[PDB]
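> Sharing upload_3.cif here; it has mmCIF, N, CA and C atoms and all ligand atoms.
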```cif
data_final
#
loop_
_atom_site.label_atom_id
_atom_site.label_comp_id
_atom_site.auth_asym_id
_atom_site.auth_seq_id
_atom_site.Cartn_x
_atom_site.Cartn_y
_atom_site.Cartn_z
N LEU X 346 16.07 -0.63 -23.80
CA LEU X 346 16.94 -1.31 -24.81
C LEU X 346 18.40 -0.87 -24.64
N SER X 347 18.64 0.33 -24.08
CA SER X 347 20.00 0.82 -23.71
C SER X 347 20.60 -0.12 -22.65
N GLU X 348 21.93 -0.16 -22.56
CA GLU X 348 22.67 -1.05 -21.64
C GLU X 348 22.21 -0.79 -20.20
N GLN X 349 22.08 0.48 -19.81
CA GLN X 349 21.67 0.86 -18.43
C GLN X 349 20.22 0.43 -18.19
N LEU X 350 19.35 0.51 -19.20
CA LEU X 350 17.93 0.09 -19.05
C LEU X 350 17.82 -1.44 -19.04
N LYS X 351 18.73 -2.15 -19.70
CA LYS X 351 18.83 -3.63 -19.59
C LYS X 351 19.15 -3.99 -18.13
N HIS X 352 20.10 -3.29 -17.51
CA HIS X 352 20.46 -3.47 -16.08
C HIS X 352 19.22 -3.22 -15.22
N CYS X 353 18.47 -2.14 -15.48
CA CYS X 353 17.23 -1.80 -14.74
C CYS X 353 16.21 -2.94 -14.92
N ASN X 354 16.05 -3.44 -16.14
CA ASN X 354 15.09 -4.53 -16.44
C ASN X 354 15.49 -5.79 -15.66
N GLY X 355 16.78 -6.12 -15.59
CA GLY X 355 17.29 -7.26 -14.81
C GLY X 355 16.93 -7.12 -13.34
N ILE X 356 17.16 -5.93 -12.77
CA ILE X 356 16.80 -5.62 -11.35
C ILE X 356 15.30 -5.85 -11.17
N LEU X 357 14.47 -5.30 -12.06
CA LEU X 357 12.99 -5.42 -12.00
C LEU X 357 12.60 -6.90 -11.98
N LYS X 358 13.16 -7.71 -12.88
CA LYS X 358 12.88 -9.17 -12.93
C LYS X 358 13.24 -9.80 -11.58
N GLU X 359 14.39 -9.45 -11.02
CA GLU X 359 14.83 -10.00 -9.71
C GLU X 359 13.84 -9.59 -8.61
N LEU X 360 13.43 -8.32 -8.56
CA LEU X 360 12.49 -7.83 -7.51
C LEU X 360 11.17 -8.60 -7.60
N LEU X 361 10.78 -9.04 -8.80
CA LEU X 361 9.51 -9.78 -9.05
C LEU X 361 9.70 -11.30 -8.94
N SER X 362 10.93 -11.78 -8.71
CA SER X 362 11.28 -13.23 -8.74
C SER X 362 10.91 -13.92 -7.42
N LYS X 363 10.76 -15.24 -7.44
CA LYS X 363 10.38 -16.05 -6.25
C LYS X 363 11.44 -15.88 -5.15
N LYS X 364 12.70 -15.62 -5.53
CA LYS X 364 13.84 -15.35 -4.62
C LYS X 364 13.41 -14.39 -3.49
N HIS X 365 12.68 -13.33 -3.81
CA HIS X 365 12.39 -12.20 -2.89
C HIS X 365 10.90 -12.13 -2.52
N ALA X 366 10.10 -13.12 -2.92
CA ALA X 366 8.62 -13.09 -2.80
C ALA X 366 8.17 -12.94 -1.34
N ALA X 367 8.96 -13.43 -0.37
CA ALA X 367 8.57 -13.40 1.06
C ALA X 367 8.37 -11.96 1.55
N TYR X 368 9.11 -10.99 0.99
CA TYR X 368 9.05 -9.56 1.39
C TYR X 368 8.66 -8.64 0.22
N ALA X 369 8.65 -9.12 -1.03
CA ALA X 369 8.33 -8.29 -2.22
C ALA X 369 6.81 -8.20 -2.43
N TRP X 370 6.04 -9.15 -1.91
CA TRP X 370 4.62 -9.34 -2.32
C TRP X 370 3.77 -8.09 -2.07
N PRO X 371 3.97 -7.28 -1.00
CA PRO X 371 3.14 -6.08 -0.81
C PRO X 371 3.35 -5.01 -1.89
N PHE X 372 4.39 -5.15 -2.72
CA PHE X 372 4.81 -4.14 -3.73
C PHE X 372 4.46 -4.60 -5.15
N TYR X 373 3.83 -5.77 -5.31
CA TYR X 373 3.55 -6.38 -6.63
C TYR X 373 2.50 -5.57 -7.38
N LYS X 374 1.50 -5.04 -6.66
CA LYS X 374 0.32 -4.38 -7.27
C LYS X 374 0.01 -3.09 -6.52
N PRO X 375 -0.72 -2.14 -7.15
CA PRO X 375 -1.10 -0.90 -6.48
C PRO X 375 -1.82 -1.18 -5.15
N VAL X 376 -1.52 -0.37 -4.14
CA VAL X 376 -2.28 -0.38 -2.85
C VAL X 376 -3.75 -0.14 -3.19
N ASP X 377 -4.62 -1.09 -2.83
CA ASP X 377 -6.09 -0.97 -2.99
C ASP X 377 -6.64 -0.38 -1.69
N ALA X 378 -6.60 0.95 -1.59
CA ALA X 378 -6.90 1.71 -0.35
C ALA X 378 -8.31 1.37 0.14
N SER X 379 -9.29 1.40 -0.77
CA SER X 379 -10.72 1.12 -0.47
C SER X 379 -10.88 -0.30 0.08
N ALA X 380 -10.28 -1.29 -0.59
CA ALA X 380 -10.32 -2.72 -0.19
C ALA X 380 -9.80 -2.90 1.24
N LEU X 381 -8.77 -2.14 1.63
CA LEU X 381 -8.06 -2.29 2.93
C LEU X 381 -8.61 -1.30 3.98
N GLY X 382 -9.59 -0.48 3.61
CA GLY X 382 -10.19 0.54 4.50
C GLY X 382 -9.22 1.66 4.83
N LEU X 383 -8.24 1.91 3.96
CA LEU X 383 -7.23 2.99 4.14
C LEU X 383 -7.76 4.27 3.46
N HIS X 384 -8.78 4.88 4.05
CA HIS X 384 -9.57 5.98 3.42
C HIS X 384 -8.78 7.30 3.42
N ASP X 385 -7.59 7.32 4.03
CA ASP X 385 -6.69 8.50 4.07
C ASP X 385 -5.50 8.30 3.11
N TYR X 386 -5.36 7.12 2.48
CA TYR X 386 -4.14 6.76 1.71
C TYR X 386 -3.87 7.78 0.60
N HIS X 387 -4.88 8.09 -0.22
CA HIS X 387 -4.74 8.98 -1.41
C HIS X 387 -4.71 10.46 -1.00
N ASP X 388 -5.00 10.77 0.27
CA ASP X 388 -4.81 12.13 0.84
C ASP X 388 -3.34 12.31 1.24
N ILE X 389 -2.68 11.23 1.64
CA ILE X 389 -1.28 11.25 2.17
C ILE X 389 -0.29 10.95 1.03
N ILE X 390 -0.63 10.00 0.15
CA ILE X 390 0.21 9.56 -1.00
C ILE X 390 -0.37 10.16 -2.29
N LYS X 391 0.30 11.17 -2.84
CA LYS X 391 -0.16 11.92 -4.04
C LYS X 391 0.26 11.18 -5.32
N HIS X 392 1.32 10.37 -5.26
CA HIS X 392 1.88 9.65 -6.44
C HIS X 392 2.12 8.19 -6.07
N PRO X 393 1.07 7.34 -6.08
CA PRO X 393 1.23 5.91 -5.82
C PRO X 393 2.17 5.27 -6.85
N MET X 394 2.90 4.24 -6.42
CA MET X 394 3.80 3.47 -7.32
C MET X 394 3.94 2.05 -6.77
N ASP X 395 4.16 1.10 -7.67
CA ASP X 395 4.25 -0.34 -7.35
C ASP X 395 4.97 -1.02 -8.51
N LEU X 396 5.38 -2.27 -8.33
CA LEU X 396 6.25 -2.97 -9.30
C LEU X 396 5.48 -3.30 -10.59
N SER X 397 4.17 -3.55 -10.54
CA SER X 397 3.36 -3.81 -11.77
C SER X 397 3.34 -2.56 -12.64
N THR X 398 3.29 -1.37 -12.03
CA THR X 398 3.30 -0.07 -12.76
C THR X 398 4.70 0.14 -13.36
N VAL X 399 5.76 -0.13 -12.59
CA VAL X 399 7.17 -0.02 -13.09
C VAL X 399 7.33 -0.96 -14.28
N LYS X 400 6.79 -2.18 -14.18
CA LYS X 400 6.89 -3.20 -15.26
C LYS X 400 6.17 -2.70 -16.51
N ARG X 401 4.95 -2.18 -16.37
CA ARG X 401 4.16 -1.66 -17.52
C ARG X 401 4.96 -0.53 -18.19
N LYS X 402 5.53 0.38 -17.40
CA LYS X 402 6.29 1.54 -17.92
C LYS X 402 7.54 1.04 -18.65
N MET X 403 8.25 0.04 -18.10
CA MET X 403 9.45 -0.55 -18.76
C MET X 403 9.03 -1.19 -20.09
N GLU X 404 7.95 -1.97 -20.10
CA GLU X 404 7.46 -2.69 -21.32
C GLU X 404 7.05 -1.67 -22.39
N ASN X 405 6.51 -0.51 -21.98
CA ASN X 405 6.01 0.56 -22.89
C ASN X 405 7.16 1.50 -23.30
N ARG X 406 8.39 1.25 -22.84
CA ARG X 406 9.58 2.10 -23.10
C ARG X 406 9.29 3.53 -22.62
N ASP X 407 8.61 3.66 -21.48
CA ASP X 407 8.32 4.95 -20.81
C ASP X 407 9.62 5.53 -20.26
N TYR X 408 10.44 4.71 -19.59
CA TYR X 408 11.71 5.16 -18.96
C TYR X 408 12.73 5.43 -20.06
N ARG X 409 13.26 6.66 -20.09
CA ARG X 409 14.28 7.07 -21.09
C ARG X 409 15.68 6.77 -20.56
N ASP X 410 15.85 6.63 -19.24
CA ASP X 410 17.18 6.36 -18.62
C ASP X 410 17.00 5.65 -17.27
N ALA X 411 18.10 5.17 -16.70
CA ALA X 411 18.14 4.41 -15.43
C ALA X 411 17.65 5.29 -14.27
N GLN X 412 17.98 6.58 -14.29
CA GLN X 412 17.61 7.58 -13.25
C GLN X 412 16.08 7.63 -13.11
N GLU X 413 15.36 7.65 -14.24
CA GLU X 413 13.88 7.75 -14.26
C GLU X 413 13.28 6.48 -13.66
N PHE X 414 13.82 5.32 -14.02
CA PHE X 414 13.42 4.00 -13.47
C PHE X 414 13.62 4.00 -11.95
N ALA X 415 14.81 4.37 -11.48
CA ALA X 415 15.19 4.34 -10.05
C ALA X 415 14.28 5.27 -9.25
N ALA X 416 13.93 6.43 -9.81
CA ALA X 416 13.04 7.42 -9.15
C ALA X 416 11.68 6.76 -8.83
N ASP X 417 11.13 5.96 -9.74
CA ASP X 417 9.83 5.26 -9.53
C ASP X 417 9.99 4.17 -8.47
N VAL X 418 11.08 3.39 -8.50
CA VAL X 418 11.29 2.31 -7.50
C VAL X 418 11.43 2.95 -6.11
N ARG X 419 12.18 4.05 -6.00
CA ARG X 419 12.39 4.73 -4.70
C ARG X 419 11.10 5.43 -4.26
N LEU X 420 10.31 5.97 -5.19
CA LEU X 420 8.98 6.57 -4.87
C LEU X 420 8.11 5.51 -4.18
N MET X 421 8.07 4.30 -4.74
CA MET X 421 7.32 3.15 -4.18
C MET X 421 7.72 2.95 -2.71
N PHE X 422 9.02 2.91 -2.41
CA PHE X 422 9.52 2.69 -1.03
C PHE X 422 9.17 3.91 -0.17
N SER X 423 9.41 5.13 -0.67
CA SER X 423 9.14 6.39 0.06
C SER X 423 7.67 6.47 0.48
N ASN X 424 6.75 6.12 -0.42
CA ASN X 424 5.29 6.11 -0.12
C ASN X 424 5.03 5.19 1.09
N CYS X 425 5.66 4.02 1.10
CA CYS X 425 5.52 3.02 2.19
C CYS X 425 6.06 3.60 3.50
N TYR X 426 7.21 4.28 3.47
CA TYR X 426 7.84 4.89 4.67
C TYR X 426 7.01 6.08 5.15
N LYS X 427 6.34 6.79 4.23
CA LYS X 427 5.52 7.98 4.57
C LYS X 427 4.22 7.56 5.26
N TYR X 428 3.51 6.57 4.70
CA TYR X 428 2.12 6.24 5.10
C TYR X 428 2.11 5.40 6.39
N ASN X 429 3.03 4.44 6.51
CA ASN X 429 2.97 3.37 7.55
C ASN X 429 3.78 3.77 8.78
N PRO X 430 3.36 3.34 9.99
CA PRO X 430 4.20 3.49 11.17
C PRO X 430 5.50 2.73 10.94
N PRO X 431 6.66 3.22 11.43
CA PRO X 431 7.95 2.60 11.12
C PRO X 431 8.12 1.17 11.67
N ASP X 432 7.26 0.73 12.59
CA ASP X 432 7.32 -0.62 13.22
C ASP X 432 6.36 -1.60 12.51
N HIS X 433 5.66 -1.18 11.45
CA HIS X 433 4.76 -2.06 10.66
C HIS X 433 5.61 -3.09 9.91
N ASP X 434 5.13 -4.32 9.79
CA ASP X 434 5.81 -5.41 9.05
C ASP X 434 6.11 -4.97 7.61
N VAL X 435 5.21 -4.21 6.98
CA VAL X 435 5.36 -3.80 5.55
C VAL X 435 6.59 -2.89 5.40
N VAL X 436 6.93 -2.12 6.43
CA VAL X 436 8.12 -1.21 6.43
C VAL X 436 9.39 -2.07 6.50
N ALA X 437 9.41 -3.11 7.35
CA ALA X 437 10.52 -4.08 7.44
C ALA X 437 10.75 -4.71 6.06
N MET X 438 9.67 -5.07 5.36
CA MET X 438 9.73 -5.73 4.04
C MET X 438 10.19 -4.74 2.97
N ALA X 439 9.75 -3.48 3.05
CA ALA X 439 10.22 -2.37 2.17
C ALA X 439 11.75 -2.22 2.31
N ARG X 440 12.25 -2.15 3.55
CA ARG X 440 13.70 -1.95 3.83
C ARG X 440 14.50 -3.10 3.21
N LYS X 441 14.03 -4.34 3.35
CA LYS X 441 14.71 -5.54 2.81
C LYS X 441 14.73 -5.49 1.28
N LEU X 442 13.60 -5.18 0.64
CA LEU X 442 13.53 -5.15 -0.84
C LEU X 442 14.34 -3.96 -1.36
N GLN X 443 14.34 -2.83 -0.65
CA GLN X 443 15.13 -1.65 -1.07
C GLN X 443 16.62 -1.97 -0.96
N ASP X 444 17.04 -2.75 0.04
CA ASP X 444 18.45 -3.21 0.17
C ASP X 444 18.82 -4.01 -1.08
N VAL X 445 17.97 -4.95 -1.51
CA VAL X 445 18.19 -5.75 -2.75
C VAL X 445 18.37 -4.76 -3.92
N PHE X 446 17.44 -3.82 -4.06
CA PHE X 446 17.42 -2.83 -5.16
C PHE X 446 18.71 -2.00 -5.15
N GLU X 447 19.04 -1.36 -4.03
CA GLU X 447 20.13 -0.35 -3.97
C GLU X 447 21.48 -1.04 -4.27
N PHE X 448 21.73 -2.23 -3.72
CA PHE X 448 23.03 -2.92 -3.91
C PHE X 448 23.19 -3.33 -5.38
N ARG X 449 22.13 -3.79 -6.04
CA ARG X 449 22.25 -4.18 -7.47
C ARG X 449 22.24 -2.94 -8.37
N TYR X 450 21.44 -1.92 -8.04
CA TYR X 450 21.41 -0.66 -8.82
C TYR X 450 22.82 -0.04 -8.83
N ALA X 451 23.54 -0.14 -7.71
CA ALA X 451 24.90 0.43 -7.53
C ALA X 451 25.89 -0.21 -8.50
N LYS X 452 25.60 -1.42 -9.01
CA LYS X 452 26.46 -2.16 -9.97
C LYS X 452 26.11 -1.76 -11.41
N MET X 453 25.55 -0.56 -11.60
CA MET X 453 25.17 0.00 -12.93
C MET X 453 26.41 0.03 -13.81
N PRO X 454 26.36 -0.49 -15.06
CA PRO X 454 27.48 -0.36 -15.99
C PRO X 454 27.67 1.10 -16.40
N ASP X 455 28.93 1.54 -16.52
CA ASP X 455 29.32 2.93 -16.89
C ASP X 455 29.42 3.03 -18.42
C1 LIG X 501 -1.81 -8.17 -2.01
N1 LIG X 501 -2.21 -7.29 -0.92
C2 LIG X 501 -1.38 -6.43 -0.36
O1 LIG X 501 -0.28 -6.16 -0.84
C3 LIG X 501 -1.83 -5.78 0.94
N2 LIG X 501 -0.96 -4.70 1.37
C4 LIG X 501 0.06 -5.06 2.37
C5 LIG X 501 -0.53 -5.29 3.77
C6 LIG X 501 -0.96 -3.98 4.41
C7 LIG X 501 -0.02 -3.06 4.86
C8 LIG X 501 -0.42 -1.86 5.44
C9 LIG X 501 -1.76 -1.57 5.57
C10 LIG X 501 -2.70 -2.47 5.14
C11 LIG X 501 -2.31 -3.67 4.56
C12 LIG X 501 0.45 -6.04 4.66
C13 LIG X 501 -0.01 -6.73 5.77
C14 LIG X 501 0.86 -7.38 6.62
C15 LIG X 501 2.22 -7.36 6.37
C16 LIG X 501 2.70 -6.68 5.27
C17 LIG X 501 1.82 -6.03 4.42
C18 LIG X 501 -1.02 -3.54 0.70
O2 LIG X 501 -1.74 -3.38 -0.28
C19 LIG X 501 -0.16 -2.42 1.14
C20 LIG X 501 -0.56 -1.36 2.00
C21 LIG X 501 0.22 -0.32 2.28
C22 LIG X 501 -0.23 0.82 3.13
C23 LIG X 501 1.56 -0.25 1.72
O3 LIG X 501 2.35 0.66 1.95
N3 LIG X 501 1.93 -1.31 0.88
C24 LIG X 501 3.27 -1.25 0.28
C25 LIG X 501 1.09 -2.36 0.60
#
```
What would the structure in this file look like if it were written as structure tokens?

Amino acid sequence: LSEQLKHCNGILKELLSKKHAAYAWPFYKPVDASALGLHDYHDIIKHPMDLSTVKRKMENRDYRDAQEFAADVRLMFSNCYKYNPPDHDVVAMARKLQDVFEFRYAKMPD
């Protein structure tokens, strides 16, 4: 409800919008490790994060400030960079969506 959290909510809506769906879709929901046969995922990634979890936390007023919101969005990208080989298509899509995030996050009102 704070001005900075309104900015964060706007960014979240954009990341979930059809505008970015071509590269955002792998980040919409938690990685289903069992479904994908990624039996090492939860051994390598101790704190999973995804946009549906960020959305639930925003709706529940879990985030007290913009910094806490940004930490979860960057955790989501960091998990992807940690688990996947750097030449995987999902890493290319992470880099593109993080570019969208970082450039708009940088326009935070003071
Ligand atoms: C709706 N279903 C999905 O989102 C499937 N996916 C992505 C899916 C995939 C990527 C890697 C391994 C196994 C499937 C993939 C394949 C082709 C190109 C782009 C992504 C995931 O769950 C996934 C898996 C991992 C490890 C990850 O870091 N992220 C961010 C998402």
> Can I get the residues close to ligand LIG 501 (chain X) as a ChimeraX atom specification, where close means within 6 Å and we count only N, CA and C atoms and all ligand atoms?
/X:370-372,375-377,381,424-425,429,434-435
> Apply DSSP to the backbone of this structure and, from chain X, keep only the residues in helix (DSSP H, G or I); write these as a PyMOL selection string.
chain X and resi 348-360+363-372+386-389+396-404+411-428+434-450
> Rounded to one decimal place, report the CA of residue 437 (chain X)-CA of residue 351 (chain X) distance in Å.
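Taking CA of residue 437 (chain X) and CA of residue 351 (chain X), their separation equals 28.3 Å.
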> Under the rule that only C-alpha atoms are counted, which of X:390, X:369, X:408, X:403 is the nearest residue to residue 436 (chain X)?
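Comparing X:390, X:369, X:408, X:403 against residue 436 (chain X), the winner is X:369.
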> How many Å lie between atom N of residue 414 (chain X) and atom C of residue 350 (chain X), rounded to one decimal?
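Atom N of residue 414 (chain X) sits 9.3 Å away from atom C of residue 350 (chain X).
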> If you measure from atom C of residue 389 (chain X) to atom N of residue 427 (chain X), what distance in Å do you get, rounded to one decimal?
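Atom N of residue 427 (chain X) lies 8.5 Å from atom C of residue 389 (chain X).
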> Which one of X:422, X:367, X:428, X:401 sits closest to residue 443 (chain X) if you count only N, CA and C atoms?
X:422
> Find, counting only N, CA and C atoms, the residue in X:359, X:348, X:385, X:395 that gets nearest to residue 453 (chain X).
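Of X:359, X:348, X:385, X:395, the one nearest residue 453 (chain X), counting only N, CA and C atoms, is X:348.
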> Show which residues sit within 7 Å of residue 387 (chain X), as a ChimeraX atom specification. Count all atoms listed in the file, and ignore same-chain residues fewer than 4 positions away.
/X:378,383,391
> Provide region 417-442 of chain X rebuilt to N, CA, C and O atoms, formatted as a PDB file, in the frame of the given file.

```
ATOM      1  N   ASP X 417      11.130   5.960  -9.740  1.00  0.00           N
ATOM      2  CA  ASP X 417       9.830   5.260  -9.530  1.00  0.00           C
ATOM      3  C   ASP X 417       9.990   4.170  -8.470  1.00  0.00           C
ATOM      4  O   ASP X 417       9.113   4.057  -7.603  1.00  0.00           O
ATOM      5  N   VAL X 418      11.080   3.390  -8.500  1.00  0.00           N
ATOM      6  CA  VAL X 418      11.290   2.310  -7.500  1.00  0.00           C
ATOM      7  C   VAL X 418      11.430   2.950  -6.110  1.00  0.00           C
ATOM      8  O   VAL X 418      10.785   2.475  -5.163  1.00  0.00           O
ATOM      9  N   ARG X 419      12.180   4.050  -6.000  1.00  0.00           N
ATOM     10  CA  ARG X 419      12.390   4.730  -4.700  1.00  0.00           C
ATOM     11  C   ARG X 419      11.100   5.430  -4.260  1.00  0.00           C
ATOM     12  O   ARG X 419      10.837   5.431  -3.042  1.00  0.00           O
ATOM     13  N   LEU X 420      10.310   5.970  -5.190  1.00  0.00           N
ATOM     14  CA  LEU X 420       8.980   6.570  -4.870  1.00  0.00           C
ATOM     15  C   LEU X 420       8.110   5.510  -4.180  1.00  0.00           C
ATOM     16  O   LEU X 420       7.480   5.817  -3.147  1.00  0.00           O
ATOM     17  N   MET X 421       8.070   4.300  -4.740  1.00  0.00           N
ATOM     18  CA  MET X 421       7.320   3.150  -4.180  1.00  0.00           C
ATOM     19  C   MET X 421       7.720   2.950  -2.710  1.00  0.00           C
ATOM     20  O   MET X 421       6.825   2.848  -1.852  1.00  0.00           O
ATOM     21  N   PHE X 422       9.020   2.910  -2.410  1.00  0.00           N
ATOM     22  CA  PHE X 422       9.520   2.690  -1.030  1.00  0.00           C
ATOM     23  C   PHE X 422       9.170   3.910  -0.170  1.00  0.00           C
ATOM     24  O   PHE X 422       8.690   3.721   0.947  1.00  0.00           O
ATOM     25  N   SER X 423       9.410   5.130  -0.670  1.00  0.00           N
ATOM     26  CA  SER X 423       9.140   6.390   0.060  1.00  0.00           C
ATOM     27  C   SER X 423       7.670   6.470   0.480  1.00  0.00           C
ATOM     28  O   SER X 423       7.398   6.866   1.624  1.00  0.00           O
ATOM     29  N   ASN X 424       6.750   6.120  -0.420  1.00  0.00           N
ATOM     30  CA  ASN X 424       5.290   6.110  -0.120  1.00  0.00           C
ATOM     31  C   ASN X 424       5.030   5.190   1.090  1.00  0.00           C
ATOM     32  O   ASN X 424       4.264   5.574   1.995  1.00  0.00           O
ATOM     33  N   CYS X 425       5.660   4.020   1.100  1.00  0.00           N
ATOM     34  CA  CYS X 425       5.520   3.020   2.190  1.00  0.00           C
ATOM     35  C   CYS X 425       6.060   3.600   3.500  1.00  0.00           C
ATOM     36  O   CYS X 425       5.378   3.450   4.539  1.00  0.00           O
ATOM     37  N   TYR X 426       7.210   4.280   3.470  1.00  0.00           N
ATOM     38  CA  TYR X 426       7.840   4.890   4.670  1.00  0.00           C
ATOM     39  C   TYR X 426       7.010   6.080   5.150  1.00  0.00           C
ATOM     40  O   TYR X 426       7.003   6.345   6.370  1.00  0.00           O
ATOM     41  N   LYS X 427       6.340   6.790   4.230  1.00  0.00           N
ATOM     42  CA  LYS X 427       5.520   7.980   4.570  1.00  0.00           C
ATOM     43  C   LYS X 427       4.220   7.560   5.260  1.00  0.00           C
ATOM     44  O   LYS X 427       3.859   8.177   6.284  1.00  0.00           O
ATOM     45  N   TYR X 428       3.510   6.570   4.700  1.00  0.00           N
ATOM     46  CA  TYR X 428       2.120   6.240   5.100  1.00  0.00           C
ATOM     47  C   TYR X 428       2.110   5.400   6.390  1.00  0.00           C
ATOM     48  O   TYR X 428       1.231   5.630   7.242  1.00  0.00           O
ATOM     49  N   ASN X 429       3.030   4.440   6.510  1.00  0.00           N
ATOM     50  CA  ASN X 429       2.970   3.370   7.550  1.00  0.00           C
ATOM     51  C   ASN X 429       3.780   3.770   8.780  1.00  0.00           C
ATOM     52  O   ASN X 429       4.809   4.430   8.659  1.00  0.00           O
ATOM     53  N   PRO X 430       3.360   3.340   9.990  1.00  0.00           N
ATOM     54  CA  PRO X 430       4.200   3.490  11.170  1.00  0.00           C
ATOM     55  C   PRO X 430       5.500   2.730  10.940  1.00  0.00           C
ATOM     56  O   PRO X 430       5.485   1.674  10.302  1.00  0.00           O
ATOM     57  N   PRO X 431       6.660   3.220  11.430  1.00  0.00           N
ATOM     58  CA  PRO X 431       7.950   2.600  11.120  1.00  0.00           C
ATOM     59  C   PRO X 431       8.120   1.170  11.670  1.00  0.00           C
ATOM     60  O   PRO X 431       9.024   0.498  11.205  1.00  0.00           O
ATOM     61  N   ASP X 432       7.260   0.730  12.590  1.00  0.00           N
ATOM     62  CA  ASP X 432       7.320  -0.620  13.220  1.00  0.00           C
ATOM     63  C   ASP X 432       6.360  -1.600  12.510  1.00  0.00           C
ATOM     64  O   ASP X 432       6.283  -2.758  12.961  1.00  0.00           O
ATOM     65  N   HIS X 433       5.660  -1.180  11.450  1.00  0.00           N
ATOM     66  CA  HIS X 433       4.760  -2.060  10.660  1.00  0.00           C
ATOM     67  C   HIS X 433       5.610  -3.090   9.910  1.00  0.00           C
ATOM     68  O   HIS X 433       6.709  -2.729   9.440  1.00  0.00           O
ATOM     69  N   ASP X 434       5.130  -4.320   9.790  1.00  0.00           N
ATOM     70  CA  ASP X 434       5.810  -5.410   9.050  1.00  0.00           C
ATOM     71  C   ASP X 434       6.110  -4.970   7.610  1.00  0.00           C
ATOM     72  O   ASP X 434       7.169  -5.339   7.097  1.00  0.00           O
ATOM     73  N   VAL X 435       5.210  -4.210   6.980  1.00  0.00           N
ATOM     74  CA  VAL X 435       5.360  -3.800   5.550  1.00  0.00           C
ATOM     75  C   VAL X 435       6.590  -2.890   5.400  1.00  0.00           C
ATOM     76  O   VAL X 435       7.222  -2.943   4.329  1.00  0.00           O
ATOM     77  N   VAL X 436       6.930  -2.120   6.430  1.00  0.00           N
ATOM     78  CA  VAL X 436       8.120  -1.210   6.430  1.00  0.00           C
ATOM     79  C   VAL X 436       9.390  -2.070   6.500  1.00  0.00           C
ATOM     80  O   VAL X 436      10.353  -1.771   5.772  1.00  0.00           O
ATOM     81  N   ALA X 437       9.410  -3.110   7.350  1.00  0.00           N
ATOM     82  CA  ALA X 437      10.520  -4.080   7.440  1.00  0.00           C
ATOM     83  C   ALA X 437      10.750  -4.710   6.060  1.00  0.00           C
ATOM     84  O   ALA X 437      11.910  -4.848   5.643  1.00  0.00           O
ATOM     85  N   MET X 438       9.670  -5.070   5.360  1.00  0.00           N
ATOM     86  CA  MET X 438       9.730  -5.730   4.040  1.00  0.00           C
ATOM     87  C   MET X 438      10.190  -4.740   2.970  1.00  0.00           C
ATOM     88  O   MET X 438      10.975  -5.152   2.084  1.00  0.00           O
ATOM     89  N   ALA X 439       9.750  -3.480   3.050  1.00  0.00           N
ATOM     90  CA  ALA X 439      10.220  -2.370   2.170  1.00  0.00           C
ATOM     91  C   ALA X 439      11.750  -2.220   2.310  1.00  0.00           C
ATOM     92  O   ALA X 439      12.442  -2.184   1.276  1.00  0.00           O
ATOM     93  N   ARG X 440      12.250  -2.150   3.550  1.00  0.00           N
ATOM     94  CA  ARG X 440      13.700  -1.950   3.830  1.00  0.00           C
ATOM     95  C   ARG X 440      14.500  -3.100   3.210  1.00  0.00           C
ATOM     96  O   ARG X 440      15.539  -2.825   2.572  1.00  0.00           O
ATOM     97  N   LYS X 441      14.030  -4.340   3.350  1.00  0.00           N
ATOM     98  CA  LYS X 441      14.710  -5.540   2.810  1.00  0.00           C
ATOM     99  C   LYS X 441      14.730  -5.490   1.280  1.00  0.00           C
ATOM    100  O   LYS X 441      15.805  -5.734   0.694  1.00  0.00           O
ATOM    101  N   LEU X 442      13.600  -5.180   0.640  1.00  0.00           N
ATOM    102  CA  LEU X 442      13.530  -5.150  -0.840  1.00  0.00           C
ATOM    103  C   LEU X 442      14.340  -3.960  -1.360  1.00  0.00           C
ATOM    104  O   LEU X 442      14.975  -4.104  -2.411  1.00  0.00           O
TER     105      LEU X 442
END
```
